[PDB]
Amino acid sequence: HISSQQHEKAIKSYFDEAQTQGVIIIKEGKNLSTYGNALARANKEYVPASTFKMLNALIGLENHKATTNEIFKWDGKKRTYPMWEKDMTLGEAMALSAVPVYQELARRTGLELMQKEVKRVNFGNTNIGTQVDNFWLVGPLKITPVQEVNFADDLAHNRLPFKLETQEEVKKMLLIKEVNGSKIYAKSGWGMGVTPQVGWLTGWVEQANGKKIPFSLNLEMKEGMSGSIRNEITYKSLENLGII
Ligand SMILES: *[B]([O])([O])[C]([C][C])[N]S(=O)(=O)[C]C1=[C]C(C([O])=O)=[C][C]=[C]1
């Protein structure tokens, strides 16, 4: 019974109250819906930041640069965050957003193959530049929220150009929340190497009946915001729309 005006006002208020500017794009079948407090962000380009780990993992597994059980050993050097000072599989590194592990994977893939594969998937502006280990953090690779939700839609439905098994293995790494009978698969991003900083949460809800509803949240991370605001706004928005 809830009007579209009320859903739009509610979701906008979640971004307003977090003192940020952002959008969340929802896709139902082929139809995009855009909510939030800065709708024009929907077709603007931002660095993908750690959302690129979804594609990095697909590329590295497909090309035999790692297995899902391989343990990437911590090299013993101090990390930016202490939670990264440990040995990790790709899936554990996905959950911790452990940049160093995915930088190792990118170096195994190498610039030539990485560029070919990013072009082959047609991800964002497709440009990785000359540095195989940081192009998703500081540019030149960029992507819009519409492109991110369409990438999530492709992955959720096994439509990316990788083996089915590769896509299933990466999707298993993305389960972040179980709500009643729904499952939320997503990857966060926080681009601290750019100004303004960008925050992302891109993924999909798998409902109990099996329908998959992709989404992409994109906002501005401000001084002293918590990363959990990305999750909190996303979950509140999905709940307001009755998706979870
Ligand atoms: B990534 O998560 O976006 C990674 C590389 C840009 N972000 S970071 O290392 O600069 C800060 C960070 C963010 C997150 C997150 O949840 O996205 C997790 C750990 C560290």
# chains A, B, ... in the order shown; residues from 1 in each chain; ligands from 1
$ residues_near_ligand --ligand "ligand 1" --cutoff "9 Å" --atoms "only C-alpha atoms and all ligand atoms" --output "ChimeraX atom specification"
/A:47-53,80-81,83-84,94-100,134,136-138,187-193,198-201,227-228,230
$ write_last_selection --atoms "N, CA, C and O atoms" --output "CSV table (one decimal), in the first residue's frame"
chain,number,residue,atom,x,y,z
A,47,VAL,N,36.0,5.5,-9.0
A,47,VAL,CA,36.9,4.3,-8.9
A,47,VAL,C,36.1,3.1,-8.3
A,47,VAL,O,35.3,3.4,-7.4
A,48,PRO,N,36.3,1.9,-8.7
A,48,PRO,CA,35.5,0.8,-8.1
A,48,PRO,C,36.0,0.5,-6.7
A,48,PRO,O,35.2,-0.1,-5.9
A,49,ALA,N,37.2,0.9,-6.4
A,49,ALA,CA,37.8,0.5,-5.1
A,49,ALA,C,37.7,-1.0,-4.9
A,49,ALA,O,37.8,-1.8,-5.8
A,50,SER,N,37.4,-1.5,-3.7
A,50,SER,CA,37.4,-2.9,-3.4
A,50,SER,C,36.3,-3.7,-4.1
A,50,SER,O,36.3,-4.9,-4.0
A,51,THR,N,35.2,-3.0,-4.7
A,51,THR,CA,34.3,-3.8,-5.4
A,51,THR,C,35.0,-4.6,-6.6
A,51,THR,O,34.5,-5.6,-7.0
A,52,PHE,N,36.2,-4.1,-7.0
A,52,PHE,CA,36.9,-4.7,-8.1
A,52,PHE,C,37.3,-6.1,-7.6
A,52,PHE,O,37.6,-7.0,-8.5
A,53,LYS,N,37.4,-6.4,-6.3
A,53,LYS,CA,37.9,-7.7,-5.8
A,53,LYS,C,37.0,-8.8,-6.4
A,53,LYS,O,37.4,-9.9,-6.7
A,80,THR,N,48.3,-1.9,6.8
A,80,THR,CA,47.6,-0.6,7.2
A,80,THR,C,46.7,-0.9,8.3
A,80,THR,O,46.5,0.0,9.2
A,81,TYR,N,46.1,-2.1,8.4
A,81,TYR,CA,45.2,-2.5,9.4
A,81,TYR,C,45.6,-3.8,10.0
A,81,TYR,O,46.0,-4.8,9.2
A,83,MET,N,44.0,-6.3,11.2
A,83,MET,CA,43.3,-7.5,10.8
A,83,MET,C,43.8,-8.1,9.5
A,83,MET,O,43.4,-9.3,9.2
A,84,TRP,N,44.6,-7.4,8.7
A,84,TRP,CA,45.2,-8.0,7.5
A,84,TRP,C,46.5,-8.8,7.8
A,84,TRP,O,47.1,-9.4,6.9
A,94,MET,N,38.3,-11.6,0.7
A,94,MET,CA,37.1,-10.9,0.3
A,94,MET,C,36.4,-10.2,1.4
A,94,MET,O,36.1,-9.0,1.4
A,95,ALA,N,36.2,-11.0,2.5
A,95,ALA,CA,35.4,-10.6,3.6
A,95,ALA,C,36.2,-9.5,4.4
A,95,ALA,O,35.5,-8.6,5.0
A,96,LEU,N,37.5,-9.6,4.5
A,96,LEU,CA,38.2,-8.5,5.2
A,96,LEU,C,38.6,-7.4,4.3
A,96,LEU,O,39.3,-6.5,4.7
A,97,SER,N,38.3,-7.4,3.0
A,97,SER,CA,38.8,-6.5,2.0
A,97,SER,C,40.3,-6.3,2.0
A,97,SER,O,40.8,-5.2,2.0
A,98,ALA,N,41.0,-7.5,2.1
A,98,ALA,CA,42.4,-7.5,2.3
A,98,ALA,C,43.1,-7.2,1.0
A,98,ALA,O,43.5,-8.0,0.2
A,99,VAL,N,43.3,-5.9,0.8
A,99,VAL,CA,44.0,-5.3,-0.4
A,99,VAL,C,45.3,-6.1,-0.7
A,99,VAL,O,45.5,-6.4,-1.9
A,100,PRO,N,46.2,-6.4,0.3
A,100,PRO,CA,47.5,-7.0,-0.1
A,100,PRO,C,47.3,-8.4,-0.8
A,100,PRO,O,48.1,-8.7,-1.7
A,134,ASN,N,47.3,-1.3,-8.6
A,134,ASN,CA,46.6,-0.3,-7.9
A,134,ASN,C,45.5,0.4,-8.8
A,134,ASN,O,44.9,1.4,-8.3
A,136,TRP,N,42.5,-0.1,-9.5
A,136,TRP,CA,41.1,-0.1,-9.0
A,136,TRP,C,41.0,0.8,-7.8
A,136,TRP,O,39.9,1.1,-7.3
A,137,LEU,N,42.1,1.4,-7.3
A,137,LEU,CA,42.2,2.2,-6.1
A,137,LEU,C,42.3,3.6,-6.4
A,137,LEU,O,41.7,4.4,-5.8
A,138,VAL,N,43.1,4.0,-7.4
A,138,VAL,CA,43.4,5.4,-7.7
A,138,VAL,C,43.2,5.8,-9.1
A,138,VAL,O,43.6,6.8,-9.6
A,187,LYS,N,29.7,-6.9,-2.1
A,187,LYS,CA,31.1,-6.5,-1.8
A,187,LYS,C,31.1,-5.0,-1.5
A,187,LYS,O,30.6,-4.2,-2.3
A,188,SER,N,31.7,-4.6,-0.4
A,188,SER,CA,31.9,-3.2,-0.1
A,188,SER,C,33.1,-2.6,-0.8
A,188,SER,O,34.0,-3.3,-1.3
A,189,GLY,N,33.1,-1.3,-0.9
A,189,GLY,CA,34.2,-0.6,-1.4
A,189,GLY,C,34.4,0.7,-0.6
A,189,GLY,O,33.4,1.3,-0.2
A,190,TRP,N,35.6,1.2,-0.4
A,190,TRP,CA,35.9,2.4,0.2
A,190,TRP,C,37.1,2.9,-0.5
A,190,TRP,O,38.2,2.4,-0.2
A,191,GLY,N,37.0,3.9,-1.3
A,191,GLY,CA,38.2,4.4,-2.1
A,191,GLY,C,38.8,5.6,-1.3
A,191,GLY,O,38.4,6.7,-1.5
A,192,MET,N,39.7,5.2,-0.4
A,192,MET,CA,40.5,6.3,0.3
A,192,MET,C,41.6,6.9,-0.4
A,192,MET,O,42.3,7.8,0.1
A,193,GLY,N,41.9,6.4,-1.6
A,193,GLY,CA,43.0,7.0,-2.4
A,193,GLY,C,42.5,8.0,-3.4
A,193,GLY,O,43.3,8.4,-4.3
A,198,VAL,N,35.0,7.6,-2.1
A,198,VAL,CA,33.8,7.0,-2.6
A,198,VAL,C,33.5,5.7,-1.7
A,198,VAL,O,34.5,5.1,-1.2
A,199,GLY,N,32.3,5.5,-1.4
A,199,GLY,CA,31.9,4.3,-0.7
A,199,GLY,C,30.9,3.5,-1.6
A,199,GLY,O,30.1,4.1,-2.3
A,200,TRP,N,31.0,2.2,-1.6
A,200,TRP,CA,30.2,1.3,-2.4
A,200,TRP,C,29.7,0.1,-1.5
A,200,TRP,O,30.3,-0.3,-0.6
A,201,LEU,N,28.5,-0.4,-1.9
A,201,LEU,CA,28.1,-1.7,-1.5
A,201,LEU,C,27.3,-2.3,-2.7
A,201,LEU,O,26.2,-1.8,-3.0
A,227,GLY,N,32.4,2.5,8.2
A,227,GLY,CA,32.1,1.7,7.0
A,227,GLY,C,30.7,1.0,7.1
A,227,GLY,O,30.1,0.8,6.0
A,228,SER,N,30.2,0.8,8.3
A,228,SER,CA,28.9,0.1,8.4
A,228,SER,C,27.8,0.9,8.0
A,228,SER,O,26.7,0.4,7.8
A,230,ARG,N,27.4,2.0,5.1
A,230,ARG,CA,27.0,1.5,3.8
A,230,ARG,C,26.1,0.3,3.9
A,230,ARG,O,25.0,0.3,3.2
$ residues_around --residues "residue 68 of chain A" --least-positions-apart "4" --cutoff "10 Å" --atoms "only C-alpha atoms" --output "PyMOL selection string"
chain A and resi 57+61+89-92+166+169-170+173
$ residues_around --residues "residue 217 of chain A" --least-positions-apart "2" --cutoff "7 Å" --atoms "only C-alpha atoms" --output "number ranges by chain"
A: 23-25, 200-202, 215, 219, 234
$ closest_residue --among "A:195, A:146, A:235, A:141" --to "residue 27 of chain A" --atoms "only C-alpha atoms"
A:146
$ atom_distance --atom1 "atom CA of residue 74 of chain A" --atom2 "atom CA of residue 104 of chain A"
10.9 Å
$ select_by_dssp --residues "segment 2-86 of chain A" --states "helix (DSSP H, G or I)" --output "ChimeraX atom specification"
/A:4-17,39-43,49-62,82-84
$ residues_around --residues "segment 4-20 of chain A" --least-positions-apart "2" --cutoff "6 Å" --atoms "only C-alpha atoms" --output "list in words"
residues 36, 37, 220, 233 and 237 of chain A
$ write_last_selection --atoms "N, CA and C atoms" --output "PDB file, in the first residue's frame"
ATOM      1  N   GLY A  36      17.646   7.563  -3.200  1.00  0.00           N
ATOM      2  CA  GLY A  36      18.713   8.149  -2.407  1.00  0.00           C
ATOM      3  C   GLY A  36      18.555   9.659  -2.383  1.00  0.00           C
ATOM      4  N   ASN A  37      19.625  10.351  -2.000  1.00  0.00           N
ATOM      5  CA  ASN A  37      19.553  11.812  -1.881  1.00  0.00           C
ATOM      6  C   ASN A  37      20.428  12.548  -2.881  1.00  0.00           C
ATOM      7  N   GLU A 220      29.291   9.091  -0.623  1.00  0.00           N
ATOM      8  CA  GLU A 220      30.542   9.780  -0.278  1.00  0.00           C
ATOM      9  C   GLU A 220      30.881   9.458   1.178  1.00  0.00           C
ATOM     10  N   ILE A 233      22.520   1.686   5.549  1.00  0.00           N
ATOM     11  CA  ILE A 233      21.627   2.325   4.561  1.00  0.00           C
ATOM     12  C   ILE A 233      21.087   1.294   3.580  1.00  0.00           C
ATOM     13  N   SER A 237      17.139   0.338   3.190  1.00  0.00           N
ATOM     14  CA  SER A 237      16.490   0.605   1.902  1.00  0.00           C
ATOM     15  C   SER A 237      15.827  -0.648   1.354  1.00  0.00           C
TER      16      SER A 237
END
$ decode --residues "segment 127-181 of chain A" --atoms "C-alpha atoms" --output "PDB file, in the first residue's frame"
ATOM      1  CA  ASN A 127      41.063   1.076 -18.635  1.00  0.00           C
ATOM      2  CA  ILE A 128      43.606  -0.335 -16.190  1.00  0.00           C
ATOM      3  CA  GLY A 129      46.588   1.839 -17.169  1.00  0.00           C
ATOM      4  CA  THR A 130      50.155   0.696 -16.499  1.00  0.00           C
ATOM      5  CA  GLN A 131      50.164  -0.384 -12.809  1.00  0.00           C
ATOM      6  CA  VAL A 132      48.657  -3.847 -12.339  1.00  0.00           C
ATOM      7  CA  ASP A 133      48.509  -3.523  -8.521  1.00  0.00           C
ATOM      8  CA  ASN A 134      46.566  -0.292  -7.935  1.00  0.00           C
ATOM      9  CA  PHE A 135      44.369   0.606 -10.932  1.00  0.00           C
ATOM     10  CA  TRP A 136      41.145  -0.071  -9.023  1.00  0.00           C
ATOM     11  CA  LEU A 137      42.195   2.166  -6.118  1.00  0.00           C
ATOM     12  CA  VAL A 138      43.437   5.405  -7.676  1.00  0.00           C
ATOM     13  CA  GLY A 139      42.325   5.082 -11.274  1.00  0.00           C
ATOM     14  CA  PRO A 140      42.388   5.018 -14.153  1.00  0.00           C
ATOM     15  CA  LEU A 141      39.670   2.345 -13.903  1.00  0.00           C
ATOM     16  CA  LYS A 142      36.235   3.841 -13.214  1.00  0.00           C
ATOM     17  CA  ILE A 143      32.651   2.598 -13.249  1.00  0.00           C
ATOM     18  CA  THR A 144      29.193   4.030 -12.666  1.00  0.00           C
ATOM     19  CA  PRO A 145      26.595   2.793 -10.173  1.00  0.00           C
ATOM     20  CA  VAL A 146      24.391   1.680 -13.110  1.00  0.00           C
ATOM     21  CA  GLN A 147      27.348  -0.354 -14.429  1.00  0.00           C
ATOM     22  CA  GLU A 148      27.963  -1.836 -10.957  1.00  0.00           C
ATOM     23  CA  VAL A 149      24.372  -2.958 -10.507  1.00  0.00           C
ATOM     24  CA  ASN A 150      24.429  -4.455 -14.044  1.00  0.00           C
ATOM     25  CA  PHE A 151      27.657  -6.286 -13.206  1.00  0.00           C
ATOM     26  CA  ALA A 152      26.024  -7.614 -10.020  1.00  0.00           C
ATOM     27  CA  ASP A 153      23.011  -8.690 -12.099  1.00  0.00           C
ATOM     28  CA  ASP A 154      25.313 -10.550 -14.508  1.00  0.00           C
ATOM     29  CA  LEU A 155      27.223 -12.306 -11.704  1.00  0.00           C
ATOM     30  CA  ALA A 156      24.063 -13.210  -9.762  1.00  0.00           C
ATOM     31  CA  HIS A 157      22.668 -14.907 -12.899  1.00  0.00           C
ATOM     32  CA  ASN A 158      25.938 -16.533 -14.049  1.00  0.00           C
ATOM     33  CA  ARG A 159      25.990 -14.343 -17.176  1.00  0.00           C
ATOM     34  CA  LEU A 160      29.582 -13.120 -17.010  1.00  0.00           C
ATOM     35  CA  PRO A 161      32.006 -14.720 -19.517  1.00  0.00           C
ATOM     36  CA  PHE A 162      33.581 -17.153 -17.040  1.00  0.00           C
ATOM     37  CA  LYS A 163      32.928 -20.798 -16.297  1.00  0.00           C
ATOM     38  CA  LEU A 164      29.818 -21.418 -14.229  1.00  0.00           C
ATOM     39  CA  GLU A 165      32.024 -22.968 -11.541  1.00  0.00           C
ATOM     40  CA  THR A 166      34.237 -19.859 -11.387  1.00  0.00           C
ATOM     41  CA  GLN A 167      31.206 -17.650 -10.883  1.00  0.00           C
ATOM     42  CA  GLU A 168      29.736 -19.941  -8.242  1.00  0.00           C
ATOM     43  CA  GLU A 169      33.032 -19.990  -6.328  1.00  0.00           C
ATOM     44  CA  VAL A 170      33.230 -16.196  -6.257  1.00  0.00           C
ATOM     45  CA  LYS A 171      29.569 -15.848  -5.309  1.00  0.00           C
ATOM     46  CA  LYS A 172      30.167 -18.103  -2.303  1.00  0.00           C
ATOM     47  CA  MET A 173      32.775 -15.596  -1.086  1.00  0.00           C
ATOM     48  CA  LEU A 174      30.203 -12.760  -1.097  1.00  0.00           C
ATOM     49  CA  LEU A 175      27.579 -13.933   1.394  1.00  0.00           C
ATOM     50  CA  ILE A 176      27.412 -11.138   3.986  1.00  0.00           C
ATOM     51  CA  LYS A 177      24.028 -11.454   5.663  1.00  0.00           C
ATOM     52  CA  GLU A 178      21.081 -13.786   6.171  1.00  0.00           C
ATOM     53  CA  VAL A 179      17.760 -12.099   7.017  1.00  0.00           C
ATOM     54  CA  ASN A 180      14.693 -14.249   7.668  1.00  0.00           C
ATOM     55  CA  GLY A 181      14.770 -16.360   4.507  1.00  0.00           C
TER      56      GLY A 181
END
